[PDB]
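Asks: Got a structure for you, protein_22.csv, holding CSV, C-alpha atoms and all ligand atoms.
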```csv
chain,number,residue,atom,x,y,z
A,5,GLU,CA,5.3,13.6,21.5
A,6,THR,CA,6.6,10.0,21.5
A,7,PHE,CA,4.9,8.0,18.7
A,8,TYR,CA,3.9,4.4,18.5
A,9,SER,CA,3.6,2.0,15.6
A,10,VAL,CA,0.3,0.0,15.8
A,11,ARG,CA,-0.2,-3.0,13.6
A,12,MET,CA,-3.1,-5.4,13.0
A,13,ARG,CA,-3.3,-8.7,11.1
A,14,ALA,CA,-6.3,-10.9,10.8
A,15,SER,CA,-6.9,-14.2,8.9
A,16,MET,CA,-9.1,-17.2,8.4
A,17,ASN,CA,-7.7,-20.7,8.8
A,25,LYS,CA,-6.6,-17.0,3.8
A,26,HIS,CA,-5.6,-13.5,4.8
A,27,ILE,CA,-8.5,-11.2,5.8
A,28,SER,CA,-7.4,-7.7,6.9
A,29,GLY,CA,-4.6,-5.5,8.2
A,30,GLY,CA,-3.8,-2.0,9.4
A,31,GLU,CA,-0.8,0.1,10.1
A,32,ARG,CA,-1.0,3.2,12.2
A,33,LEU,CA,1.4,5.7,13.6
A,34,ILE,CA,0.1,7.6,16.7
A,35,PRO,CA,0.8,9.5,20.0
A,36,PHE,CA,0.2,7.4,23.1
A,37,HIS,CA,-3.0,9.1,24.3
A,38,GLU,CA,-4.7,7.7,21.1
A,39,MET,CA,-3.8,4.1,21.9
A,40,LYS,CA,-7.2,2.8,23.2
A,41,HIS,CA,-9.0,4.5,20.3
A,42,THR,CA,-6.6,3.2,17.7
A,43,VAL,CA,-6.5,-0.4,19.1
A,44,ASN,CA,-10.3,-0.5,19.1
A,45,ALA,CA,-10.5,0.9,15.5
A,46,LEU,CA,-8.1,-1.8,14.3
A,47,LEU,CA,-10.1,-4.5,16.2
A,48,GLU,CA,-13.4,-3.4,14.8
A,49,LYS,CA,-11.8,-3.3,11.3
A,50,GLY,CA,-10.6,-6.9,11.6
A,51,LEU,CA,-13.9,-8.3,12.9
A,52,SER,CA,-16.2,-7.1,10.1
A,53,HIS,CA,-14.5,-7.5,6.7
A,54,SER,CA,-16.2,-8.8,3.5
A,55,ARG,CA,-13.6,-11.5,3.2
A,56,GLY,CA,-15.0,-13.0,6.4
A,57,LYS,CA,-14.9,-13.1,10.1
A,58,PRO,CA,-11.4,-14.2,11.3
A,59,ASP,CA,-10.3,-17.0,13.5
A,60,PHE,CA,-7.0,-15.3,14.2
A,61,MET,CA,-6.0,-11.8,14.9
A,62,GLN,CA,-3.0,-10.0,16.3
A,63,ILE,CA,-2.7,-6.4,17.4
A,64,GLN,CA,0.7,-5.0,18.4
A,65,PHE,CA,2.2,-1.7,19.4
A,66,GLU,CA,5.8,-0.4,19.8
A,67,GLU,CA,7.4,2.9,20.6
A,68,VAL,CA,9.2,4.3,17.6
A,69,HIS,CA,12.7,5.7,18.2
A,70,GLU,CA,13.6,7.0,14.7
A,71,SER,CA,12.5,10.6,14.1
A,72,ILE,CA,9.4,11.1,11.9
A,73,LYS,CA,9.4,12.7,8.5
A,74,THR,CA,6.3,14.5,7.3
A,75,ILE,CA,5.6,14.5,3.6
A,76,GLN,CA,2.9,15.5,1.0
A,77,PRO,CA,0.8,12.8,-0.5
A,78,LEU,CA,1.5,11.9,-4.2
A,79,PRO,CA,-0.6,14.0,-6.6
A,80,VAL,CA,-3.7,12.1,-7.6
A,81,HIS,CA,-5.4,11.5,-11.0
A,82,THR,CA,-8.4,9.1,-11.5
A,83,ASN,CA,-8.6,7.2,-14.8
A,84,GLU,CA,-12.2,6.2,-15.7
A,85,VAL,CA,-12.3,2.9,-17.5
A,86,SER,CA,-15.1,0.6,-18.6
A,87,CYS,CA,-13.6,-2.8,-17.7
A,88,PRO,CA,-10.8,-4.6,-15.9
A,89,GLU,CA,-9.0,-5.5,-19.2
A,90,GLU,CA,-8.9,-1.9,-20.2
A,91,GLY,CA,-7.8,-1.0,-16.7
A,92,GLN,CA,-4.9,-3.4,-16.8
A,93,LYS,CA,-3.7,-2.3,-20.2
A,94,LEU,CA,-3.6,1.3,-19.0
A,95,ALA,CA,-1.8,0.2,-15.9
A,96,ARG,CA,0.9,-1.6,-18.0
A,97,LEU,CA,1.2,1.6,-20.1
A,98,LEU,CA,1.7,3.8,-17.1
A,99,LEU,CA,4.3,1.5,-15.6
A,100,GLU,CA,6.2,1.7,-18.8
A,101,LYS,CA,5.7,5.5,-18.8
A,102,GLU,CA,7.2,5.7,-15.4
A,103,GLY,CA,10.3,3.7,-16.5
A,104,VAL,CA,9.6,0.0,-16.2
A,105,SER,CA,10.6,-1.9,-19.3
A,106,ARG,CA,7.8,-3.7,-21.2
A,107,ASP,CA,9.7,-6.9,-20.7
A,108,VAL,CA,9.9,-6.6,-16.9
A,109,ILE,CA,6.3,-5.8,-16.8
A,110,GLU,CA,5.4,-8.9,-18.7
A,111,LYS,CA,7.4,-11.1,-16.4
A,112,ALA,CA,5.8,-9.6,-13.4
A,113,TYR,CA,2.3,-10.2,-14.8
A,114,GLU,CA,3.2,-13.8,-15.4
A,115,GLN,CA,3.8,-14.2,-11.7
A,116,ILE,CA,1.0,-12.1,-10.2
A,117,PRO,CA,-1.4,-15.0,-10.1
A,118,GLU,CA,1.1,-17.0,-8.0
A,119,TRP,CA,1.4,-14.0,-5.6
A,120,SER,CA,-2.2,-13.9,-4.8
A,121,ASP,CA,-1.4,-15.6,-1.6
A,122,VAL,CA,1.4,-13.4,-0.4
A,123,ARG,CA,0.3,-11.5,2.7
A,124,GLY,CA,2.3,-8.3,1.9
A,125,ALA,CA,4.1,-6.6,-0.9
A,126,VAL,CA,6.2,-8.3,-3.5
A,127,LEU,CA,9.5,-6.7,-4.6
A,128,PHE,CA,10.4,-7.2,-8.2
A,129,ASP,CA,14.0,-6.5,-9.4
A,130,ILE,CA,14.1,-4.7,-12.7
A,131,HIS,CA,17.7,-6.0,-13.0
A,132,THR,CA,16.9,-9.7,-12.7
A,133,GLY,CA,13.4,-9.7,-14.2
A,134,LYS,CA,12.5,-11.7,-11.1
A,135,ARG,CA,11.2,-11.4,-7.6
A,136,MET,CA,13.8,-9.8,-5.4
A,137,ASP,CA,12.5,-10.4,-1.8
A,138,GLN,CA,12.7,-13.8,-0.2
A,139,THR,CA,9.7,-13.5,2.1
A,140,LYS,CA,7.7,-15.9,-0.1
A,141,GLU,CA,4.0,-16.0,1.2
A,142,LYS,CA,4.7,-13.6,4.0
A,143,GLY,CA,5.3,-10.6,1.8
A,144,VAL,CA,7.2,-7.5,2.6
A,145,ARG,CA,5.3,-5.3,5.2
A,146,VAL,CA,5.2,-1.6,4.8
A,147,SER,CA,4.7,0.0,8.2
A,148,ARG,CA,5.0,3.1,10.4
A,149,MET,CA,3.0,5.3,8.1
A,150,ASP,CA,-0.2,7.2,8.8
A,151,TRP,CA,-2.3,10.2,7.8
A,152,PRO,CA,-4.3,12.2,10.4
A,153,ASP,CA,-8.0,12.0,9.5
A,154,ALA,CA,-8.7,15.7,9.7
A,155,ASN,CA,-5.9,16.6,7.3
A,156,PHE,CA,-6.9,13.7,5.1
A,157,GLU,CA,-10.6,14.8,4.9
A,158,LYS,CA,-9.6,18.4,3.9
A,159,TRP,CA,-7.4,16.7,1.2
A,160,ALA,CA,-10.4,14.7,-0.1
A,161,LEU,CA,-12.7,17.7,-0.1
A,162,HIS,CA,-10.3,19.8,-2.1
A,163,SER,CA,-9.4,16.8,-4.5
A,164,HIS,CA,-13.0,15.9,-5.0
A,165,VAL,CA,-12.1,12.3,-3.9
A,166,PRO,CA,-14.2,10.2,-1.5
A,167,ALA,CA,-12.9,10.4,2.1
A,168,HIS,CA,-12.7,6.7,2.4
A,169,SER,CA,-10.2,5.4,4.9
A,170,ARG,CA,-9.0,2.8,2.5
A,171,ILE,CA,-8.0,5.5,0.0
A,172,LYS,CA,-6.2,7.3,2.9
A,173,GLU,CA,-4.4,4.1,3.8
A,174,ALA,CA,-3.4,3.3,0.3
A,175,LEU,CA,-2.2,6.7,-0.6
A,176,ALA,CA,-0.2,7.0,2.6
A,177,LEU,CA,1.5,3.6,1.8
A,178,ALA,CA,2.0,4.6,-1.8
A,179,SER,CA,3.5,8.0,-0.9
A,180,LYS,CA,5.9,6.5,1.6
A,181,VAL,CA,6.9,3.8,-0.9
A,182,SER,CA,7.4,6.0,-4.0
A,183,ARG,CA,9.6,8.3,-1.9
A,184,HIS,CA,12.2,5.5,-1.5
A,185,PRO,CA,14.9,6.3,-4.1
A,186,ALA,CA,15.1,2.7,-5.3
A,187,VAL,CA,11.4,2.3,-6.0
A,188,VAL,CA,10.4,3.0,-9.7
A,189,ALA,CA,6.7,2.1,-9.5
A,190,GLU,CA,4.0,0.3,-7.6
A,191,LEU,CA,1.2,-1.7,-9.0
A,192,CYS,CA,-1.8,-2.4,-6.8
A,193,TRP,CA,-5.3,-3.6,-6.7
A,194,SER,CA,-7.5,-4.9,-3.9
A,195,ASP,CA,-8.0,-8.5,-2.7
A,196,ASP,CA,-11.5,-7.4,-1.5
A,197,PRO,CA,-14.1,-9.0,-3.8
A,198,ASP,CA,-16.2,-5.8,-3.5
A,199,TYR,CA,-13.7,-3.2,-4.5
A,200,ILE,CA,-12.3,-3.1,-8.0
A,201,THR,CA,-10.4,0.2,-8.1
A,202,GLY,CA,-6.6,0.0,-8.0
A,203,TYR,CA,-3.7,2.1,-8.9
A,204,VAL,CA,-0.3,2.5,-10.4
A,205,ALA,CA,2.0,5.0,-8.4
A,206,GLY,CA,5.3,6.5,-9.3
A,207,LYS,CA,7.5,9.5,-8.9
A,208,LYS,CA,6.5,11.2,-12.1
A,209,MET,CA,2.9,10.2,-12.6
A,210,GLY,CA,2.0,10.3,-8.9
A,211,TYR,CA,-0.9,8.2,-7.7
A,212,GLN,CA,-2.9,7.0,-10.7
A,213,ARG,CA,-6.3,5.5,-9.8
A,214,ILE,CA,-7.8,3.1,-12.3
A,215,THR,CA,-11.5,2.5,-11.6
A,216,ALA,CA,-11.5,-1.1,-12.7
A,217,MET,CA,-8.6,-3.5,-12.2
A,218,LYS,CA,-10.5,-6.8,-11.8
A,219,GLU,CA,-14.1,-8.2,-11.8
A,220,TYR,CA,-16.4,-8.0,-8.9
A,221,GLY,CA,-16.3,-11.1,-6.8
A,222,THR,CA,-12.7,-12.2,-7.5
A,223,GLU,CA,-10.4,-12.3,-4.5
A,224,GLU,CA,-6.9,-12.1,-6.2
A,225,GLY,CA,-5.4,-8.7,-5.5
A,226,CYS,CA,-1.9,-7.5,-6.1
A,227,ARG,CA,0.8,-5.3,-4.6
A,228,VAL,CA,4.2,-5.1,-6.4
A,229,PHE,CA,7.1,-2.6,-6.1
A,230,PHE,CA,9.5,-2.4,-9.0
A,231,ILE,CA,13.0,-1.9,-7.7
A,232,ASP,CA,16.0,-0.2,-9.3
A,233,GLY,CA,18.5,0.1,-6.6
A,234,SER,CA,22.1,-0.6,-5.9
A,235,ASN,CA,21.7,-2.1,-2.4
A,236,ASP,CA,20.8,-5.6,-1.1
A,237,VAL,CA,17.1,-6.3,-0.7
A,238,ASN,CA,17.2,-6.6,3.1
A,239,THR,CA,18.3,-2.9,3.4
A,240,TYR,CA,15.3,-2.0,1.3
A,241,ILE,CA,13.0,-4.2,3.4
A,242,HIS,CA,14.3,-2.6,6.5
A,243,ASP,CA,13.6,0.9,5.1
A,244,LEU,CA,10.1,-0.1,4.2
A,245,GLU,CA,9.4,-1.5,7.7
A,246,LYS,CA,11.2,1.1,9.8
A,247,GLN,CA,11.1,4.6,8.2
A,248,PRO,CA,8.4,6.5,10.0
A,249,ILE,CA,6.3,8.7,7.7
A,250,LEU,CA,3.3,11.0,8.4
A,251,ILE,CA,1.3,12.5,5.5
A,252,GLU,CA,0.4,16.2,5.9
A,253,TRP,CA,-1.2,17.7,2.9
A,254,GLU,CA,-0.8,21.5,2.3
A,255,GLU,CA,-2.7,23.2,-0.5
A,256,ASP,CA,-0.8,25.4,-2.9
B,1,LIG,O1,-7.4,4.6,-4.7
B,1,LIG,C1,-8.2,3.9,-4.2
B,1,LIG,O2,-9.4,4.0,-4.5
B,1,LIG,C2,-7.8,2.8,-3.2
B,1,LIG,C3,-7.3,1.5,-4.0
B,1,LIG,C4,-6.4,0.6,-3.1
B,1,LIG,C5,-7.1,-0.7,-2.8
B,1,LIG,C6,-6.4,-1.4,-1.7
B,1,LIG,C7,-7.4,-2.1,-0.8
B,1,LIG,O3,-8.1,-1.5,0.0
B,1,LIG,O4,-7.4,-3.4,-0.8
```
Once you've parsed the file, please lay out its structure as structure tokens.

Replies:
Amino acid sequence: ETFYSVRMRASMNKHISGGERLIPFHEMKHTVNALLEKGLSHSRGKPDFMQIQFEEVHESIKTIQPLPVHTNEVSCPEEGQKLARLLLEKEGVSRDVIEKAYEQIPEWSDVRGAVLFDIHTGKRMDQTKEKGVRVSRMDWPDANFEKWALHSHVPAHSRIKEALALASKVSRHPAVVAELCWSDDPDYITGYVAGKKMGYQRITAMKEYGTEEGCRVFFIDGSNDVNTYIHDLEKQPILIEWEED
């Protein structure tokens, strides 16, 4: 009944891969191996550095539902991004703060973690630079997740499970207005915008095949210092359990 946070990072020289898991002890070997195997064979390359790490969690665990999901079919990245910018505005980010974020996204391609963007300053809020803010201690039991996929008619890919767990944890934070995300994997072009009102909005094309610039940005409207928020994001333990209605 004690849970452990289990984290993996892998890189070349370029970031490669990562994983966050939240598990009971008896699943340690299976989890550590799954994270290992995940790091070794990624399409961004085989890594020359990897770290795997576990710690007992002392905070109590909150179980939540996943964000509601809707999938937007688009014909091209440019259409995808336009729709994304529209949905961020719909969720409450001002056009002008959106534009400033997009001016910076190319420079964030190297950040190994999430970027926090303050809607009050129109500027990046966190001071982690290339490290990025790390969202952790969230997970989604597979069996529950596969039932969710079957009902939702969405493919039971672990990377959707991971992304929707992160997005659901993150959107629950009262200071987070929206998240904008697409992959750094050259072979996966689907991304999303996520928010409290629109839920998890998948957008089937957010970049071209073969490009490696991805993005993850949280738009922050809060009254607290950024370190508090960084601490919430790292420390609040979250499990996703879906229940049909
Ligand atoms: O909703 C999806 O299809 C998952 C998109 C998230 C991509 C993040 C990644 O795997 O790099």

Asks: Between A:61, A:155, A:172, A:6, which has the minimum distance to residue 38 (chain A) (counting all atoms listed in the file)?

Replies: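 Smallest separation from residue 38 (chain A) among the options: A:6.
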
Asks: List all protein, DNA and RNA residues that have any atom at most 6 Å from ligand LIG 1 (chain B), counting only C-alpha atoms and all ligand atoms, and write the list as JSON, numbers by chain.

Replies: {"A": [170, 171, 174, 193, 194, 195, 196, 201, 202, 213]}

Asks: Set the distance at 12 Å and use all atoms listed in the file: which residues neighbour residue 29 (chain A) once local chain neighbours fewer than 5 positions away are removed? I'd like the list as a count of residues only.

Replies: 31

Asks: Pick the closest to residue 159 (chain A) from A:247, A:28, A:9, A:76: which is it, counting all atoms listed in the file?

Replies: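 That would be A:76, the residue with the smallest distance to residue 159 (chain A).
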
Asks: Figure out the distance between CA of residue 252 (chain A) and CA of residue 67 (chain A), please, to one decimal in Å.

Replies: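 Value for the CA of residue 67 (chain A)-CA of residue 252 (chain A) distance: 21.0 Å.
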
Asks: Between CA of residue 152 (chain A) and CA of residue 41 (chain A), what is the distance in Å, rounded to a tenth?

Replies: 13.4 Å
